[PDB]
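Coordinate analysis (summary)
Spelled out, the chains give:
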Amino acid sequence: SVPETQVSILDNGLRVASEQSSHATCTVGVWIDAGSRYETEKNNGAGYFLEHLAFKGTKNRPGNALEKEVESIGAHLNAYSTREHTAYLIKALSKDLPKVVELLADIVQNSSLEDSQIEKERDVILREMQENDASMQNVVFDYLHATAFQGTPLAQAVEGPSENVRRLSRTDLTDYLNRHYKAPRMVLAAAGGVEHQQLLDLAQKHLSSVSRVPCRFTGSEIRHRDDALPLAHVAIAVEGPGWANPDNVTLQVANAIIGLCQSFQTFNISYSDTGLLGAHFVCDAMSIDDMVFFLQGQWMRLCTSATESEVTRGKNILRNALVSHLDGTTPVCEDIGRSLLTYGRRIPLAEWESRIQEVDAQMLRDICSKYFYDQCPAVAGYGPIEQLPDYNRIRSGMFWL
Amino acid sequence: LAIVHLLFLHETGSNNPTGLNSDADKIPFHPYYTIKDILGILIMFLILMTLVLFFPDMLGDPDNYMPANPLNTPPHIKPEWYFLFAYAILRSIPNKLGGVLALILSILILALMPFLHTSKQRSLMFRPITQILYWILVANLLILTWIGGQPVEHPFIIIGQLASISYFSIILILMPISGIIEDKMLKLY
Ligand code: HEM
């Protein structure tokens, strides 16, 4: 009974997708298939710095008058960038649907990058990075990406190295903007109280101008020993299958089974036919090795012996979590934008439920043995990590005798 | 006693060839120094067997294949190779007692060794003069091993007497003085 996500396509290739619902406020966003994976180490912070510059004024709406408009209807304006996708989204009321779309049009095209602003946003970005190091789990996941995807564009961070940040100019940005903002790589996603025909007419009216035009898992480890920190963060991952491979669903159930360290989180990060599947835990130094041992046993267990009931637990757990319908509009659309960018279609919740209920214990331990057993992991540690075991002990813990 | 030897060591951990505090760089033993000990065991087994199965009588003595005759005495008598350095020293000292004592000291001088360390650096990796003195010590230890074999006659005796004098003077006198000189060269003393 969940309403279907209807997708149309303009000549530009900008797929305009929408999923109407009763809620009177909507989350209209633009997703773009452009991240740090498409950068070539000479423009490693171009997407991040453009994400900073995108709300500082356009040609038609110069400066803060633009954001005055998004204050005037009381709407909320957000943007984010990952290694593969960039999103500019607005939460607003339903009746303010046209102007919001027009605002989004300016943000993707006709944007203006002021040289004055460029220096101010450089100091913002530089400073944030200079303090970003504070967030350990971000440092550990960046280290894990770097040591797992050495020599590839997937190792480099979204923010880029301070070097590039300082060394960036309007023209470079202009390039990234004019290169990675093509209309066939763009989805206009709407969730909530929107009509699809009105949204399609608004996309035809504005946004109809947008121009129309592998990775290797290096199993290895990076350890940043700094003994003055109170807690240690350790992430261990193996290679993931990718977006389009259905056993992801089964792997998600495996994560739902795992769900000794103060904090233990499992992740299945997916990129275009690659990814990182693993666990991140933050612990006191004198516990670290025991955690690792614990964690490896669980994984090995699933690969070795997994019952029927726990599987059911994961199935159900995932089900409720996977549930996103009417979770929130922002989430809803976020899902429409990512589904049109990655799968090329919006997978409905009934298909997700079918793929969940076809998962049993035998295929779960088969897929877990395919992806976890006797695999070389990527290890990233930060903090008092002397008792964190080196690569032979972790690699030997990746199988059982 | 070897179990006590291992205990008195783990309290302090093993040393490294640079002689520095290796606390910043330590690794496990199971996968790193176990396969290394297994390889060393394999090489030592290669040398032993090839010293049993091909050259079985190389290190022994032929006169041990005769039965023990109290009425006769093997004309050329010598301790096995390992006990020779001591044998030389014993023979060198004219006085019987002196020989016995020196002999004992030969082994005991080692125990005395931790009180003779006068350098601010633990290892000899960065100490070339004491390296030269160490290899001269290994050299005249080999000389004393050879002399023991040689019979009592000129000039084997004099070498033995000198070699023993040089051995005790290098261990007792020359190495701490050299360590003081080496500390003076680095502007430490
Ligand atoms: C057959 C008798 C002996 C056995 C089985 C023995 C065994 C060992 C073992 C297993 C170790 C651990 C570290 C290593 O092997 O490198 C060790 C350390 C050591 N042994 Fe011996 N040992 C013996 C005789 C001696 C003697 C006669 C000396 C003195 C000349 C000595 C001095 C040492 C020292 C100084 C260490 C610490 C070296 C280090 O770990 O850095 N041992 N011994």
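Residues numbered from 1 in each chain as written, not as in the entry; some residues may be left out. Chains lettered and ligands numbered in written order. Part of a larger assembly, values for the part shown. Heavy atoms only, no water.

The deposited coordinates for this entry were obtained by cryo-EM, with a reported resolution of 3.6 Å.

Overview of the overall build of chain A
In terms of regular secondary structure, chain A is built from 15 helices and eleven strands. For chain A, the C-alpha radius of gyration of 22 Å lies close to 21 Å, the compact-globule estimate for 401 residues. When its C-alpha atoms are laid out on the principal axes, chain A stretches across 65 × 50 × 35 Å. Within chain A, the fraction of its 401 residues that count as buried is 53%. Entry remark: accessible area of chain A is about 17400 Å², with carbon and sulfur atoms responsible for 50%. Taken as two groups, the 37 positive and 51 negative side-chain charges of chain A have centres that lie 4 Å from each other. (Helix = DSSP H or I, 4+ residues; strand = E, 2+ residues; numbered from the N terminus. Rg over C-alpha atoms; globule rule 2.2 N^0.38 Å. Buried < 20%, exposed > 50% of the residue type's maximum accessible area, 1.4 Å probe, protein only. Areas by Shrake-Rupley, 256 points an atom, 1.4 Å probe, with all protein chains shown as cover. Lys, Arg positive; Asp, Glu negative; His and termini not counted. Charge placed at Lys NZ, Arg CZ, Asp CG, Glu CD.)

Observations regarding the site of the ligand
All residues adjacent to the ligand are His5, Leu6, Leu9, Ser14 and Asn15 of chain B. For the ligand, an oxygen atom lies 3.1 Å from a polar atom in the side chain of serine 14 of chain B. (Near = heavy atom within 4 Å. Polar contact = N/O pair within 3.5 Å; in protein donor to acceptor, adjacent residues only side chain to side chain.)

Description of the state of the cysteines
All names here are of chain A. Following the criterion strictly, the structure yields one disulfide over all chains and no others. Disulfide pairing is shown between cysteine 261 and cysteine 283; the S-S distance is 2.0 Å. Because the sign of the S-S torsion sets the handedness, a value of about 140° for the bond joining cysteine 261 and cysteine 283 places this disulfide among the right-handed ones. Of this pair, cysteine 261 sits in the loop between α9 (247–258) and β9 (263–271) while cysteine 283 sits in strand β10 (residues 274–283), placing them 22 residues apart in sequence. Across this residue pair, the class does not change: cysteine 261 and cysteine 283 are buried. Looking at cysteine 26, it has no disulfide partner, and the nearest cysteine sulfur is the one in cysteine 333, 9.6 Å off. For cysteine 26, a relative accessible area of 1% translates into the label buried. Of all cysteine sulfurs, the one in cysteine 376 lies closest to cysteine 215, which takes part in no disulfide; the gap is 18 Å. (Disulfide = S-S within 2.5 Å.)

Some points on the pairing of β9 of chain A
Summarising the sheet, β9 of chain A and β10 of chain A pair through nine bridges and their orientation is antiparallel. Residue pairing for β10 of chain A: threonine 266 of chain A is matched across the bridge by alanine 279 of chain A. (Pairing = 2+ DSSP bridges.)

Description of the packing of helix α1 (residues 46–53) of chain A against helix α7 (residues 170–180) of chain A
All names here are of chain A. With their axes 10 Å apart at the nearest point, α1 and α7 run at an angle of 95° to one another. Judged by the angle between their axes, α1 and α7 are roughly perpendicular. Contacts from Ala46, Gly47, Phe49, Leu50 and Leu53 in α1 reach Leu173, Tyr176 and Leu177 in α7. When grouped by side-chain class, the residues that make up the contact of α1 with α7 number seven nonpolar, one polar and no charged. (Axes fitted to C-alpha atoms, helices over the stretch in contact; angles between N-to-C directions. Parallel < 35°, antiparallel > 145°, perpendicular 65-115°, else oblique. Contact = heavy atoms within 4.5 Å. Nonpolar A, V, L, I, M, F, W, Y, C, P; charged D, E, K, R; others polar.)

Examining the pattern of salt bridges
All names here are of chain A. Scanning all chains against the criterion turns up 22 salt bridges over all chains. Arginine 37 serves as the salt-bridge partner of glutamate 84, at 3.6 Å between the closest nitrogen and oxygen. One end of the pair, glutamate 84, is in the loop between β4 (76–81) and β5 (86–93); the other, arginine 37, is in the loop between β3 (25–32) and α1, and 47 residues separate them in sequence. When its relative accessible area of 3% is taken as the criterion, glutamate 84 is described as buried. (Salt bridge = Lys/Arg side-chain N within 4 Å of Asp/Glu carboxyl O.)

A short note on the sheet that holds strand β7 (residues 221–225) of chain A
By definition, the strands of a sheet pair up through backbone hydrogen bonds, in either a parallel or an antiparallel sense. Residues and elements named next belong to chain A. Across the sheet, which stays open at both edges, the five strands sit in the order β7-β11-β8-β10-β9 with mixed pairing between neighbours. Of all strands in the sheet, those with a lone pairing partner are β7 and β9, marking the two edges. Pairs of neighbouring strands in the sheet enclose a mean axial angle of 15°, with direction left out of account. With five bridges connecting them, strand β8 (residues 232–239) and strand β11 (residues 378–383) associate as antiparallel partners. Among the inter-strand pairings, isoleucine 236 is bridged to a residue of β11, identified as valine 379.

Considering the pairing of strand β2 (residues 15–20) of chain A
Residue and element names in this part refer to chain A. Most of β2 sits out of view: five of its six residues are buried. Note that strand β1 (residues 6–9) and β2 share four bridges and pair antiparallel. Bridged to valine 7 within β2 is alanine 17. A loop of five residues connects β1 with β2, the two strands running antiparallel in sequence, and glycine 13 in this loop sits at a positive phi of about 100°. Where β2 and strand β6 (residues 186–192) come together, six bridges link them in parallel fashion. Counterpart to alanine 17 in the pairing with β6 is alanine 189.

Points about the interface of chain B and chain A
Facing seven residues of chain B, the contacting portion of chain A comprises six residues. When chain B packs against chain A, close to 410 Å² is buried across both sides, 42% of that on carbon and sulfur atoms. Among the residues chain B hides against chain A, the three largest losses belong to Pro28, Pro31 and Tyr32 of chain B. Together they make up 65% of the total. Linking chain B with chain A are zero salt bridges. (Buried area = accessible area lost by both parts, 1.4 Å probe.)

Brief notes about the nonpolar core
Nonpolar side chains tend toward joint burial in soluble globular proteins. The biggest cluster of nonpolar side chains holds 51 residues, and the ones touching the most others in it are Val28, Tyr88, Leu104, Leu188, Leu199 and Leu207 of chain A. A total of eight residues in this core trace back to one element, the largest contributor, which is helix α3 (residues 97–108) of chain A. (Core = buried A, V, L, I, M, F, W, Y, C linked by side-chain atoms within 4.5 Å.)

A closer look at the sheet that holds β3 of chain A
Residues and elements named next belong to chain A. As summarised here, the arrangement of the six strands in space is β1-β2-β6-β3-β5-β4, forming an open sheet in which the pairing is mixed. Looking at strand neighbours, the two that pair on one side only are β1 and β4, the edges of this open sheet. When the angles between neighbouring strand axes are averaged without regard to direction, this sheet yields 15°.

Some points on unusual backbone geometry
All names here are of chain B. Following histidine 154, the chain continues to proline 155 via a peptide bond in cis, the omega torsion being -10°. Positionally, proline 155 belongs in the loop between α5 (128–149) and α6 (156–185). Residues other than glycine seldom take positive phi values, yet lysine 187 does so here, at roughly 55°. Structurally, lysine 187 is set in the segment after α6.

Digging into helix α13 (residues 349–357) of chain A
Residues spaced three or four apart along an α-helix point in a common direction, a consequence of the helix completing one turn every 3.6 residues. Residues and elements named next belong to chain A. Residues of α13 that are buried: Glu351, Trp352 and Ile356. For α13, the angular spread of the buried residues around the axis is 140°, confining them to a single face. Where α13 is buried, its residues contact α9 and α11 (308–322). (Arc of directions from axis to C-beta.)

Here we look at the environment of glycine 179 of chain B
Locating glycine 179 of chain B in the fold gives a position in helix α6. Once the C-alpha coordinates of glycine 179 of chain B and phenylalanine 45 of chain B are considered, the two residues, 134 residues apart in sequence, prove to be 39 Å apart.

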